Amino acid sequence: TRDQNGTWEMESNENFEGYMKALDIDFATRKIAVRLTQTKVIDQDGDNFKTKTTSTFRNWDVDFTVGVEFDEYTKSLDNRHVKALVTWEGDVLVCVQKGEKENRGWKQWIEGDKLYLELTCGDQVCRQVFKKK
């Protein structure tokens, strides 16, 4: 389905460290930034997404409209400027973050009961899985 609304609780974080290392985040910051407990809240109405992903380390909060490009600052993750565009491929929500980093973005989809998020940078993929709570 393309309906990703809901409050989603993480039950899977694979290779966040490798993703972060691809974004040139400090060892000292990586050794401390991984969280296996997180809540992702998606408020989606048509094309308009409001998303809040909270852990005790940071809040990764971003809003976007599907099919409208926007200039993004990646904030306390890696402090970079990108041109972000989020679209559908089928029922896969695809974000490309165009900038200094190659193959940077993420894809997010529902399968079975679950929300899957694949973050990419360079040769690194972080795979996360959330259950609906």
Side-chain angles (χ1 to χ4, degrees), residues 1-16 18-30 32-51 53-97 99 101 103-122 124-130 132:
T1 176
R2 289 179 179 155
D3 182 1
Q4 298 187 353
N5 271 105
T7 300
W8 296 100
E9 293 204 333
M10 175 178 271
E11 63 174 42
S12 223
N13 209 352
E14 174 199 331
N15 194 45
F16 194 63
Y19 171 70
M20 277 192 287
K21 186 170 170 160
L23 286 172
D24 316 309
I25 297 170
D26 244 326
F27 173 80
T29 297
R30 295 197 320 268
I32 288 190
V34 173
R35 294 287 185 284
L36 291 173
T37 294
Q38 300 190 25
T39 302
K40 183 184 302 289
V41 178
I42 298 174
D43 178 17
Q44 174 191 348
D45 185 14
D47 285 335
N48 300 135
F49 275 69
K50 284 142 259 78
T51 74
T53 306
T54 71
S55 71
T56 41
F57 189 68
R58 81 176 282 251
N59 250 264
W60 181 243
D61 295 345
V62 64
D63 306 330
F64 54 85
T65 302
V66 167
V68 169
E69 192 167 55
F70 60 102
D71 297 308
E72 192 189 7
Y73 187 60
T74 64
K75 291 171 186 175
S76 66
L77 204 209
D78 65 318
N79 303 273
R80 284 196 171 94
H81 290 285
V82 297
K83 200 137 80 210
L85 172 65
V86 185
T87 56
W88 296 106
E89 302 176 352
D91 285 2
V92 182
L93 185 75
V94 177
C95 174
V96 175
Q97 299 160 133
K101 299 287 183 179
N103 231 282
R104 193 188 175 139
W106 49 251
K107 297 185 171 168
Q108 173 168 103
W109 70 101
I110 298 335
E111 206 158 16
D113 33 2
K114 291 183 183 189
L115 181 154
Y116 299 81
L117 177 66
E118 280 184 353
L119 304 139
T120 64
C121 193
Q124 295 298 308
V125 180
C126 162
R127 301 177 163 87
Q128 316 176 336
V129 181
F130 298 73
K132 184 172 217 195

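Numbers here simply count residues along the sequence, with the first being 1.
- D78 has no carboxylate O lying under 4.0 Å from a charged side-chain N of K101, or vice versa, which leaves the two without a salt bridge.
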Fill in: Derivation and outcome, side chain to side chain contact (heavy atoms under 4.5 Å, CB included), residues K40 and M10
CA-CA 8 Å; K40 183 184 302 289; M10 175 178 271; over 6 Å; no

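- Shown here are the side-chain contact (heavy atoms from CB on, under 4.5 Å) partners of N79, two or more places apart in sequence or in another chain: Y73.
- When the side chain to side chain donor-acceptor pair (under 3.5 Å) test is applied to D47, no partner is found at least two apart in sequence or on another chain.
- Residues forming a salt bridge (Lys or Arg N to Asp or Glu O under 4.0 Å) with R2 (at least two apart in sequence, or on another chain): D91.
- Taking a cutoff of 4.0 Å between a charged side-chain nitrogen and a carboxylate oxygen, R127 and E118 qualify as a salt bridge.
- Listed by chain and residue number, nothing satisfies the side chain to side chain donor-acceptor pair (under 3.5 Å) test with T37 (two or more places apart in sequence, or in another chain).
- Take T56 and apply the side-chain contact (heavy atoms from CB on, under 4.5 Å) test, not counting sequence neighbours, and it matches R35.
- Every residue meeting the side chain to side chain donor-acceptor pair (under 3.5 Å) condition with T65, not counting sequence neighbours, appears here in chain and number order: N48.
- Taking a cutoff of 4.0 Å between a charged side-chain nitrogen and a carboxylate oxygen, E72 and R80 do not qualify as a salt bridge.
- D45 pairs by the side-chain contact (heavy atoms from CB on, under 4.5 Å) definition with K50, not counting sequence neighbours.
- Residues passing the side chain to side chain donor-acceptor pair (under 3.5 Å) test with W109 are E111, sequence neighbours excluded.
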